[PDB]
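Peer 1: Below you will find the structure I want to go over with you.
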4 protein chains.
Amino acid sequence: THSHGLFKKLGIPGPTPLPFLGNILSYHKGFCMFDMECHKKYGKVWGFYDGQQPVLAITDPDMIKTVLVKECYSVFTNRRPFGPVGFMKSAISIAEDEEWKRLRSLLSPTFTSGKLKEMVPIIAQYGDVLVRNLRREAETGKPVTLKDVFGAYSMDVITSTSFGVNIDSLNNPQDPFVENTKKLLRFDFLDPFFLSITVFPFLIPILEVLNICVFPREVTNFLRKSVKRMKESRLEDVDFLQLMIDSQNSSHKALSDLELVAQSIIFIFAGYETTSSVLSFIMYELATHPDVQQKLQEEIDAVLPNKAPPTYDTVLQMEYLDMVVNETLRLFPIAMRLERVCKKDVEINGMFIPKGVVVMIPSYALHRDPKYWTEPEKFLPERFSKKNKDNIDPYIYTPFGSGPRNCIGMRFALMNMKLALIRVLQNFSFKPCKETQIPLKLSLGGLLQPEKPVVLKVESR
Amino acid sequence: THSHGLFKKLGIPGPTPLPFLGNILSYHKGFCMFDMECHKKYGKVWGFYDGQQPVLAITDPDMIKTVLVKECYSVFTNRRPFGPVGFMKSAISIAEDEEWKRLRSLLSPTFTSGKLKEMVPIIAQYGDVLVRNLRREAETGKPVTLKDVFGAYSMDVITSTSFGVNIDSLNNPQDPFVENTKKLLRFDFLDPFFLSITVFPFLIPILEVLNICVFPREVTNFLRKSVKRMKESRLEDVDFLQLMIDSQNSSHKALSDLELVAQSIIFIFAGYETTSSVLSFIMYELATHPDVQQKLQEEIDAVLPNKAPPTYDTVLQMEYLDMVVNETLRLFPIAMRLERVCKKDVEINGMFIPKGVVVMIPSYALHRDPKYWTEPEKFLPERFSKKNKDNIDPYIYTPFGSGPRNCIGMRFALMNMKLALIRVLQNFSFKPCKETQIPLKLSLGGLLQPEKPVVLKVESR
Amino acid sequence: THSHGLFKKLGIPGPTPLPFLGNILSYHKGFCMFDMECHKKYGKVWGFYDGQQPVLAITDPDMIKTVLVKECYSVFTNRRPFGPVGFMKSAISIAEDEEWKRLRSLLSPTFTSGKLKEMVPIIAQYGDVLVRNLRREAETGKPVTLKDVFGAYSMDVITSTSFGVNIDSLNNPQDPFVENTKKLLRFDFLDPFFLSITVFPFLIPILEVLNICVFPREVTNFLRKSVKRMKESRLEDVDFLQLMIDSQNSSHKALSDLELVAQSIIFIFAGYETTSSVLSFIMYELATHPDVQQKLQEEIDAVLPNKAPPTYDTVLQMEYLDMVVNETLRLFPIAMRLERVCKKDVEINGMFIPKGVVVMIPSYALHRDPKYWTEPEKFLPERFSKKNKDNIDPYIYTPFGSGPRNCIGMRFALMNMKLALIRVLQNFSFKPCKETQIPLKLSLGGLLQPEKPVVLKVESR
Amino acid sequence: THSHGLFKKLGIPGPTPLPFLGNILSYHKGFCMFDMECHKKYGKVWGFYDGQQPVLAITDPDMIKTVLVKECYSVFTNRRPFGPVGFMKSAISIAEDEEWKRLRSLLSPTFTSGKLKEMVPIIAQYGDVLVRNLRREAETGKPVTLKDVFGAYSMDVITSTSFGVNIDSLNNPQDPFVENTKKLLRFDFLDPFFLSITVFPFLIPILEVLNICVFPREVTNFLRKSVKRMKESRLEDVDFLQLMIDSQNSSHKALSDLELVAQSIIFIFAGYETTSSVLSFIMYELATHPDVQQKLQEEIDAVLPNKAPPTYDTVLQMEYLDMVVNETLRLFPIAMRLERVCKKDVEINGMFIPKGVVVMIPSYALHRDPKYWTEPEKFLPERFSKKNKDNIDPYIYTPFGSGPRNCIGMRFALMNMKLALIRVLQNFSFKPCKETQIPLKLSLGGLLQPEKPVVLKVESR
Ligand code: HEM
Ligand code: HEM
Ligand code: HEM
Ligand code: HEM
Ligand SMILES: CC(C)N[C@@H](CSCCNC(=O)OC(C)(C)C)C(=O)NCc1cccnc1
């Protein structure tokens, strides 16, 4: 009813869809569990329906590369719509085709290594802020909740690198600026609202015409004016805003004032919970594998003796650091899937893909596939040693996606976390508590996030 | 298209409706302006369409009494639906027919004079809090914004009379409890969202099935658990909650746990912005009529010499106080209209009213009708002197409605404000500022509220 | 999601509902099969969900009588809404509460035995027409399709008893009047359109505002003017129209012109396919039980020798006729279920029934319950002999419902069929063909109708 | 609300839009009147809103050519969506981009002059049928209704040229095949249904998921099987079907079975009412200008003496015929407007056109613009004399559109009408009646069609 006949025709296997719901009832255990099970039951490819919407999973690295890289421009340029977005229609991660291509161009030079290297001293300052607060909770032997302290850090780093605003959000939890921003939390695509959207995507236009937006009308309205104040306070009298302001001082067609705001917002949304979540997954791994934590602290003390301040260059110097981070991202690729809409009838690597189908790469499951990874469930940073790193297919390991539409904030994200990890590990050790969920259970929900929030003992070195 | 033919048939006059919109474009100057104009152009009765929905305005006191009192139970029992309400369907002001009749019964004894007289010492304590904060801004000769300081007061009084929670919300603007509650602001029925609802009332069910609610899912979810904590902290170990808890210790059928929560919420919503708004309109009048302010302070010093603490009995003693308050409510009846749905074909005072029509009383306009009020625009408390008070028809002056479905918090509202006014006027005088909007312009929007927020000098007596 | 918790709470058993769909996937084998299975699996009562909509099945005769008779006015007055109906909102079978009560009053005297006895000679004339056409197909030994020849008859009888229009619809299949009317076919509540309505009842208002109607806008528009012609051709210069016209020559409030049209339409819809279907089920039984057919012809020849024309009085004289008809209706009660909406919280025969629930009586299943009927599947007219007829509970056998809201055209329906059967059986015998589906399979769909259309040999006596 | 700000920004003039409705209330006098008025009030370009949807009218021949010809492929490839179309999504006139380009390719060779020249003897046979029936009404001096007799002809020609089915639809008005087909009438885009679609285009997806289709589910379902019978009766044992069947005996990708059906349907819909309407407008002109009618009959008798049967070659021989036809099409271009959706930000002839805008050419108004046409309202075939025909801009006179997406059935349409006109005028003269609407008033509605149906005396030569 009525496109539920598609994959049966094409010869592609898959779970049988119920009328209207398609296969969504199978998300009761989460995106990730659904995806592993399918991959095991059905093989290298399979199909399922999010409501009426046909989704084609693929697991062949060649075929993955064709979608994400080769035929990105021609065919697989956009992601799937997901709900009423109002003006956030112009955010880069949401935009489509030529508007996207334009925005990606105007915004790429913002994420170069040159710009990033300038942003280092800023991101650093809040490392120290992170430490002082951590210590206050280490001196009072009270088990620490990672996401909050990391949240406050991620928040602190975002505010400063995007707008110049400098706040201790942990101690200023109630700053109007800190407030709005913390409501920019990841979207739970299996919460009642979005599941309804899936069964009733014909309801999205209805919601749009009522100016209802999955980005709360208020947080947005606060930042719009906030920016249009900053914009007009800097003008005239180092951050993403500035870089964007300088850019509309001319693809092409510049950057409109409202366009600029939407990017500003999408970066917060992109960097905030992600940076904080990943830092938590890492700290958890580091606490449940005390040797890894020790090795890392020794690597750090070697590169930066006397607890020397980390620098851009010293960060990229640290290899085990890079290993620890990568392996965590294998275990917890917070995007879970990559997706592209098929805009044309095509044939890639011998398979016909009809227009309109959503093509999906199941990153979580691929990251834990036995056929590529020895002891996949196990946390083993050595997989990423300069020795073994060559035996890792870049289209099986894709925490940041691949191709022209991969994570634009990748370099920034990695640099951010690593700066945090270094300054923190220079100072503290992190130990499980009786109350620490071991082994960490993943949310049965729609985000990659722990079933129970990570809590750990923190002692001063 | 298609019921736009109704009033033409019945012989009832009114503005010509555009297809789909009915007459709503005529709200560009606001509910109140629309209503005065119609009353003048069309007479004692008229009709118009909120979208497809037929609305019948009436201005005859007999006919008003039949609707609000005589035929309340039989015919005119409910108000008009207005949007997706989810579980707030059970709030008393929203409920219908027998469920309403039941809730009104379970909740009436809560608002008796006996209960109210017990609540006095509590409401008082925050009078003093109001004073201390006011003084801090009087000692620093900085023009004061009424709604905030009154808001904080209204908020303080609500929290304490409904849940026991005691907070200085002005100095604790960032208490989690103070936060959620301040988002319970009056609904702007001419904002884009609600106007859309009017043209598309067929969209309300759609929104309901998506669990979208005009009461933010979060504020509600916070209070639901907050109550279910309090409930289980008091149980077992003077406020509305308690009174409601004691009541479900048995109309009939008790009060369900979720029912109780919805009342709790609706009271905040009812009392919060209203109490604060009305106090602001009064203080404004008192500043732009310095003699009234002086007379009032003299009345107060006579009843409570040496600035004696006000009491339940001393409050009802004060007649000019009561006059000042009533006249303000004439000028600014914050409900603006009263409404009832016609549930049956009926004939009242010689007029046929078909099923489904919304019957509306235009209180604002009636409060300013020349044919009942000499110099209606003028602020003249003497209209309400025990001498003249008899010449005022109770179905022309209806700040609190009338009948079985009138404002349940009337006595409480009046007592609250008066306690505030007394303690404040015992201590301060209130003087216009250069920046004070004189004469106050009303919002062209959908709430009765000043175009520009009231700001006034405050000096210590 | 979200009322799917209802019956679990109340202690009422039933199939587990899927999110959104409720239990509708269980209609794949049809209303009737679903109902028998439930009754067997769950007992005397059970619950299920048509989408979100709670349905409570009941099988206790006392409890059935309370719903259909005792508390009809107070509680169980209306049927469930089913789709966009536009002006057909005023048809009696669709109307609600007091409007219904009014229409039932204005239209009841139309269906008295006195009026019916006047309509006899008319319904007769088309008996003879039925015979002549039948003979043309008996003389050409060509197997006859019952529903068509009966259809043409039912159609002929409707046209004449409701509007005076006299046509041989079988030989005039292409008369504009015959055309429109044949499109008034029973609604398939398990066809894609209505199932969608069930999952999305929030879409009915949307469809209404687009003037989309399950009664085709054209058939209706043709009859509206047709009537308003007839009305004004008779006025001024014996049928339902006339009876209705005389009635608005004055409950109360008369009958509006549009109200009259809607009744006219609903009668066609009620009588057309029903009369024709039932006549087919009977003729089928009579052919697969040749003795019953013989006995019946002998009863008929006894009462009306020399093939005397049947009369009102001679029809009610015939007992085996009445037996044959009743038993057929037991086996094929074309309504399948009876339903009432619960308009109030009530308790009937010891069970609480909350407001809003649909209360359903599963007539088909009850008609085939072992615990009341020996060899239920078997066609045995003797069950209805004046001897055994007393052992049949009127709230288990309900082909026409019961109570104030039972089939208004019952007497007419029975009289119509019997007149047909008599004139036909006076003349022909009816014999199975090689192509006759034996045993008749019921539609797995939403109407009570044969899987394969009944076809039988017809020979001249 | 919310795109109603577009043209104000761009500097493009136009009527002020009401909230939600845009400018649609201005269609009360019809598309054509609205368009002339705008062109006069606002100049060479202007804008208006069909609901939220921005429409840009243009009248410069260069700019028109860029849209219809130059940038057809790149930018202006599709027409505007208009409603729920279900499987008719695949009809060529409805399809988009590459699917359209494909269908246009597969179907073009069907409309060559070679194929058309083969179809001539067929279209002829029904000329004679047209004559015989006409004569029956000429011999009984009873004023004739053109559209019916022409309708029957158009219908007869369609059936035969597309499926081989040969019927006298005028005398067989009640052939099942003739029936379904006559319900394929032009869509009234100002009827209640489509206007609603315009204010609520967000309702189209809702309607689609309910399988509701502006092409009646039944007519379509009858033709689908009809074709799939014919298909399998011809296979195996000269018309469009055959030409299409031979084509899927292989752009590319052939023609699916369902694709073929949708074309079949769209041709009926395209040719039926159009051919019949245009023939009526011409016959009307010919009756209200008796000299033109005489000249034409003399031209015809010169080319085909003794009433010789017309042939493909003799038809193209006749110049005044071609003149008469063209001028009629100037006066009544039954498409009224041409439209293309702007799929990209572009700049054509110095004007920026943003993505999403509908670009509209107002053919009716252009055909009656004083600045190109002397006495535009007057019917003057000499405008099209081989002398003056050169002074006519092909992008001002566009009865069939222009460019890659122009009327594919143009040659066929012209040939059809002319064959009809010749055979008819060889035999009859056509004279106004007392009841003939002179001067013909156009429908204030949404189709180009006479306010009152054309009726004329017909006498035998
Ligand atoms: C640990 C942190 C992060 C991870 C693991 C991550 C991962 C990803 C992934 C998997 C995608 C989808 C890529 C694809 O479709 O191939 C993505 C897209 C994107 N990410 Fe990140 N991300 C992170 C942090 C950030 C940060 C800090 C930013 C800050 C600017 C950012 C901005 C974006 C944007 C703008 C896109 C959409 C790119 C486009 O459509 O052109 N992300 N990210
Ligand atoms: C200055 C303050 C207030 C004013 C001027 C005011 C006025 C009104 C008015 C005009 C109505 C509609 C009455 C009708 O339809 O006839 C109403 C209803 C209502 N009000 Fe108030 N109100 C005030 C404060 C409050 C407060 C403090 C409460 C606290 C409990 C409250 C609770 C309610 C409730 C529960 C209803 C609906 C009554 C029902 O439907 O049974 N109001 N109010
Ligand atoms: C063999 C023929 C028929 C059968 C078995 C039948 C059965 C029924 C049944 C079971 C109901 C529902 C009763 C209930 O809810 O308790 C009903 C309602 C109704 N029937 Fe019939 N029916 C037949 C023929 C007719 C005819 C010929 C008419 C012509 C007037 C008619 C008019 C109606 C009307 C108007 C209602 C709704 C009554 C109300 O709501 O007041 N039916 N019928
Ligand atoms: C007097 C008769 C006719 C007139 C005045 C007429 C006019 C038109 C016009 C103005 C268009 C729009 C062209 C554009 O957008 O530029 C059109 C499109 C079309 N017409 Fe006709 N037409 C007529 C008869 C027919 C007939 C007989 C057919 C039979 C096949 C036909 C098939 C089509 C098709 C298939 C399209 C869409 C073309 C495409 O999108 O590729 N029309 N017609
Ligand atoms: C649709 C938009 C609104 N959602 C995402 C799209 S980008 C990928 C992350 N989300 C994801 O899992 O979505 C799918 C399943 C890949 C389609 C967004 O705006 N992300 C900013 C961001 C988040 C996290 C890491 N980096 C950047």
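Residue names in the structure tokens use chain letters A, B, ... in the order shown, residue numbers from 1 in each chain, and ligand numbers from 1 in the order shown.
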Would you list which chain A residues are within 10 Å of chain C using only C-alpha atoms, as a PDB file with N, CA and C atoms, in the first residue's frame?
Peer 2:
ATOM      1  N   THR A   1       0.811  -1.216   0.000  1.00  0.00           N
ATOM      2  CA  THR A   1       0.000   0.000   0.000  1.00  0.00           C
ATOM      3  C   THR A   1       0.840   1.261   0.000  1.00  0.00           C
ATOM      4  N   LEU A  18       4.441  -4.070   7.067  1.00  0.00           N
ATOM      5  CA  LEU A  18       3.027  -3.993   7.350  1.00  0.00           C
ATOM      6  C   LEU A  18       2.474  -2.837   6.548  1.00  0.00           C
ATOM      7  N   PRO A  19       1.189  -2.920   6.152  1.00  0.00           N
ATOM      8  CA  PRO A  19       0.504  -1.773   5.540  1.00  0.00           C
ATOM      9  C   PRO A  19       0.673  -0.496   6.367  1.00  0.00           C
ATOM     10  N   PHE A  20       0.887   0.635   5.690  1.00  0.00           N
ATOM     11  CA  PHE A  20       1.130   1.951   6.306  1.00  0.00           C
ATOM     12  C   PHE A  20       2.439   2.069   7.089  1.00  0.00           C
ATOM     13  N   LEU A  21       2.663   1.220   8.080  1.00  0.00           N
ATOM     14  CA  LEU A  21       3.893   1.339   8.864  1.00  0.00           C
ATOM     15  C   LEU A  21       5.184   0.923   8.165  1.00  0.00           C
ATOM     16  N   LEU A  25       7.985  -0.903  12.917  1.00  0.00           N
ATOM     17  CA  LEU A  25       7.777  -1.555  14.212  1.00  0.00           C
ATOM     18  C   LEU A  25       9.067  -2.251  14.638  1.00  0.00           C
ATOM     19  N   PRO A 192       7.893   9.901  19.544  1.00  0.00           N
ATOM     20  CA  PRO A 192       6.567   9.819  18.915  1.00  0.00           C
ATOM     21  C   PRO A 192       6.395  10.777  17.741  1.00  0.00           C
ATOM     22  N   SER A 196       5.623   9.484  13.717  1.00  0.00           N
ATOM     23  CA  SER A 196       4.389   9.950  13.095  1.00  0.00           C
ATOM     24  C   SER A 196       4.670  10.590  11.730  1.00  0.00           C
ATOM     25  N   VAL A 199       5.124   7.754   9.135  1.00  0.00           N
ATOM     26  CA  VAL A 199       3.874   7.206   8.650  1.00  0.00           C
ATOM     27  C   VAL A 199       3.075   8.262   7.893  1.00  0.00           C
ATOM     28  N   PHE A 200       3.193   9.523   8.305  1.00  0.00           N
ATOM     29  CA  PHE A 200       2.452  10.605   7.651  1.00  0.00           C
ATOM     30  C   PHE A 200       3.325  11.726   7.070  1.00  0.00           C
TER      31      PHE A 200
END
Peer 1: Taking only C-alpha atoms and all ligand atoms and a cut-off of 6 Å, can you tell me which residues surround ligand 2, written as a list in words?
Peer 2: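 Taking only C-alpha atoms and all ligand atoms into account, the residues around ligand 2 at most 6 Å away are residues 92, 93, 104, 267, 270, 271, 274, 275, 278, 333, 334, 335, 338, 399, 400, 401, 402, 405, 406, 407, 408, 409, 410, 412 and 413 of chain B.
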Peer 1: Would you mind exporting C-alpha atoms of the selected residues as a compact mmCIF listing (two decimals), in the first residue's frame?
Peer 2:
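Below you can see result-v3.txt, which holds the result:
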# COMPACT_ATOMS: atom_id res chain seq x y z
CA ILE B 92 -11.74 22.72 34.14
CA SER B 93 -11.80 25.85 31.97
CA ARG B 104 -16.55 22.46 38.83
CA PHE B 267 -4.55 27.83 37.79
CA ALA B 270 -5.20 31.65 34.91
CA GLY B 271 -3.66 33.57 37.77
CA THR B 274 -3.77 38.07 34.73
CA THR B 275 -2.96 39.12 38.29
CA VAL B 278 -4.30 43.85 36.15
CA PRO B 333 -11.41 43.39 31.21
CA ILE B 334 -8.61 41.10 30.29
CA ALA B 335 -10.89 38.37 28.94
CA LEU B 338 -17.23 35.91 26.97
CA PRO B 399 -14.91 41.41 34.23
CA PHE B 400 -15.33 37.92 35.70
CA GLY B 401 -18.20 36.72 33.57
CA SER B 402 -21.43 35.53 35.17
CA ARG B 405 -19.34 29.14 34.54
CA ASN B 406 -17.95 32.40 35.75
CA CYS B 407 -14.43 32.90 37.01
CA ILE B 408 -13.90 30.42 39.81
CA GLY B 409 -10.84 32.32 41.06
CA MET B 410 -12.71 35.64 41.34
CA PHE B 412 -9.01 34.88 45.19
CA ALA B 413 -7.96 37.21 42.35
Peer 1: Can you pull out the residues contacting residue 376 (chain D)? Cut-off 9 Å, using only C-alpha atoms, and skip same-chain residues under 5 positions away; I want them as a ChimeraX atom specification.
Peer 2: /D:331,367-370
Peer 1: Identify all residues of region 233-338 of chain B in alpha helix (DSSP H) (DSSP on the backbone) and supply them as a PyMOL selection string.
Peer 2: chain B and resi 233-234+240-247+257-287+290-303+312-317+319-331
Peer 1: Using only C-alpha atoms, determine which residues lie at most 12 Å from residue 158 (chain C), disregarding the query and same-chain residues fewer than 3 positions distant; provide the list as number ranges by chain.
Peer 2: C: 119, 122-123, 126, 151-155, 161-169, 177-178, 181-182, 239-241, 264-276, 409, 412-413, 416
Peer 1: What's the separation between CA of residue 420 (chain A) and CA of residue 316 (chain A), in Å to one decimal place?
Peer 2: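 Interatomic distance here is 13.7 Å.
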Peer 1: Among region 326-459 of chain C, which residues carry a DSSP assignment of strand (DSSP E or B), reported as a PyMOL selection string?
Peer 2: chain C and resi 338-341+346-348+351-353+358-361+428-432+442+450+455-459
Peer 1: Which residues, written as number ranges by chain, have at least one atom at most 12 Å from residue 217 (chain B), with only C-alpha atoms counted and residues fewer than 5 positions away on the same chain left out?
Peer 2: A: 193; B: 84-88, 180, 183-184, 210-212, 222-224
Peer 1: For the selection just defined, write its residues with N, CA, C and O atoms to a file, as a CSV table (one decimal), in the first residue's frame.
Peer 2:
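For reference, again03.csv as written:
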chain,number,residue,atom,x,y,z
A,193,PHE,N,6.9,12.0,17.9
A,193,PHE,CA,6.7,13.0,16.8
A,193,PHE,C,7.3,12.5,15.5
A,193,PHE,O,6.6,12.6,14.5
B,84,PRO,N,-5.2,22.3,19.8
B,84,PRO,CA,-4.8,21.0,20.3
B,84,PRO,C,-4.4,21.1,21.8
B,84,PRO,O,-3.5,21.9,22.1
B,85,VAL,N,-5.0,20.3,22.6
B,85,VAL,CA,-4.8,20.5,24.0
B,85,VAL,C,-4.3,19.3,24.8
B,85,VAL,O,-3.9,19.4,25.9
B,86,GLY,N,-4.3,18.1,24.1
B,86,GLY,CA,-3.8,16.9,24.7
B,86,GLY,C,-4.4,16.6,26.0
B,86,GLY,O,-5.7,16.7,26.2
B,87,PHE,N,-3.6,16.3,27.0
B,87,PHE,CA,-4.2,16.0,28.3
B,87,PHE,C,-4.9,17.2,29.0
B,87,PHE,O,-5.7,17.0,29.9
B,88,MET,N,-4.5,18.4,28.6
B,88,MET,CA,-5.1,19.5,29.2
B,88,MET,C,-6.6,19.6,28.8
B,88,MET,O,-7.3,20.5,29.3
B,180,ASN,N,10.0,27.1,34.2
B,180,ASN,CA,8.9,26.4,33.5
B,180,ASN,C,7.6,27.2,33.6
B,180,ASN,O,6.9,27.5,32.6
B,183,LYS,N,6.6,30.4,31.4
B,183,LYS,CA,6.3,30.1,30.0
B,183,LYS,C,4.8,29.8,29.9
B,183,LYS,O,4.4,29.6,28.7
B,184,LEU,N,4.1,29.9,31.0
B,184,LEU,CA,2.7,29.7,31.0
B,184,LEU,C,2.0,31.0,30.7
B,184,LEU,O,1.2,31.5,31.5
B,210,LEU,N,-0.6,14.0,16.6
B,210,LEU,CA,0.9,14.2,16.7
B,210,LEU,C,1.4,14.6,18.1
B,210,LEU,O,2.5,14.9,18.3
B,211,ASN,N,0.4,14.7,19.1
B,211,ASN,CA,0.7,15.0,20.5
B,211,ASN,C,1.3,16.4,20.6
B,211,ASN,O,2.0,16.7,21.5
B,212,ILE,N,1.0,17.2,19.6
B,212,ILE,CA,1.4,18.6,19.6
B,212,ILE,C,0.3,19.3,20.4
B,212,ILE,O,-0.9,19.1,20.3
B,222,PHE,N,7.2,18.7,33.2
B,222,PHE,CA,7.9,19.0,34.5
B,222,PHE,C,7.0,19.1,35.7
B,222,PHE,O,7.4,18.8,36.8
B,223,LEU,N,5.8,19.7,35.5
B,223,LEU,CA,4.9,19.9,36.6
B,223,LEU,C,4.2,18.6,37.0
B,223,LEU,O,3.9,18.4,38.1
B,224,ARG,N,4.0,17.7,36.0
B,224,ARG,CA,3.4,16.5,36.2
B,224,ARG,C,4.1,15.7,37.2
B,224,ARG,O,3.6,15.2,38.2
Peer 1: What's around region 54-58 of chain D at 8 Å? Count only C-alpha atoms, leave out sequence neighbours fewer than 3 positions away in its own chain, and write the answer as a PyMOL selection string.
Peer 2: chain D and resi 3-4+6+44-50+63-64+356-362
